[PDB]
Each structure stands twice: as structure tokens, then as C-alpha cells.
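Comments concern the structure below.
What follows is calculated from the coordinates using simple rules that are stated; it is not laboratory data. A quick note on method: Cβ atoms are made from the backbone with ideal geometry, for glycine too, and the neighbour counts reach across all protein chains shown.
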Amino acid sequence: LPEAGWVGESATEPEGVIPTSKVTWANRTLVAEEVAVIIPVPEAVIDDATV
Amino acid sequence: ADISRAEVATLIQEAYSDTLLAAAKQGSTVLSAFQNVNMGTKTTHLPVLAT
């Protein structure tokens with residue numbers, strides 16, 4: 001966030017000068033990562049099962 | 001003075017026959033000697049007379 005200040009009147013004294021300030025932004029990423037499994041089984045068991 | 005069978009070269013094609021492969025293969029003796037029982041699963045139970 002930027003930041004304002006209370007400021008005087010003066011052509012010469014440093015309290016007469018309006019402050020400079022900055023807004024800033026940052027970066028958040030979605031990075032896609034892989035989740036997986038392999039489940040091996042005998043072809044004879046797949047053939048004999050009723051379900 | 002002549003045209004020999006070598007001098008015509010590849011105008012004479014060679015040929016191929018299936019007849020020494022064409023014999024029927026030797027099946028299992030036990031699959032022709034005895035009854036073949038169809039199975040749907042690894043284990044099948046047969047009751048037999050005991051007294």
C-alpha cells in the first residue's frame with residue numbers, strides 16, 4: 001500500500017514537501033503437478049472373476 | 001551358336017510349394033483319448049461315489 005503524510009506550507013523548510021510513495025504488486029503461480037498410480041493384476045484373475 | 005538355360009537367367013522364375021508343411025500337427029493324446037470338460041473358473045468340484 002502507498003503512504004500519505006500531513007504536510008506543512010513552506011517554500012524552504014523540508015516539512016513543506018509532499019512525500020513520495022509507491023504501490024507494488026507481486027506474483028502468485030498455479031503450477032500443475034502430476035499425481036498417479038499403476039495397479040497390476042494377472043490376466044487369468046481378470047478372466048475368472050464374476051465382476 | 002546356342003541359348004543355354006543359364007543365358008536366359010532370371011526370365012525363368014523359381015516356384016514354391018506348401019506340400020511338405022501341409023501335414024496336420026500332432027494334437028494332445030489326452031485331449032482325444034478322454035472327455036474334455038469346459039471350465040469357467042480355476043477350480044471345479046466333482047463329487048464321486050465313496051460307499
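Quick notes on this one:
- Our coupling estimate for the range B:3-12, obtained by passing each phi through the Karplus curve with A = 6.51, B = -1.76, C = 1.60 and θ = phi - 60°, is 10, 6, 4, 7, 6, 7, 6, 7, 5, 8 Hz, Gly and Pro reported as x.
- A simple charge model with +1 on the Cβ of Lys and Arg, -1 on the Cβ of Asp and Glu and nothing else charged puts the dipole of chain A at about 280 debye relative to its Cα centre.
- Averaging Cα coordinates gives a centre for chain A and one for chain B; these two points are 70 Å apart.
- Helical content alone sets the calculated 222 nm signal of the protein assembly as shown at -2500 deg cm²/dmol, taking -39,500 (n - 2.57) per DSSP H segment of four or more residues and averaging over every residue.
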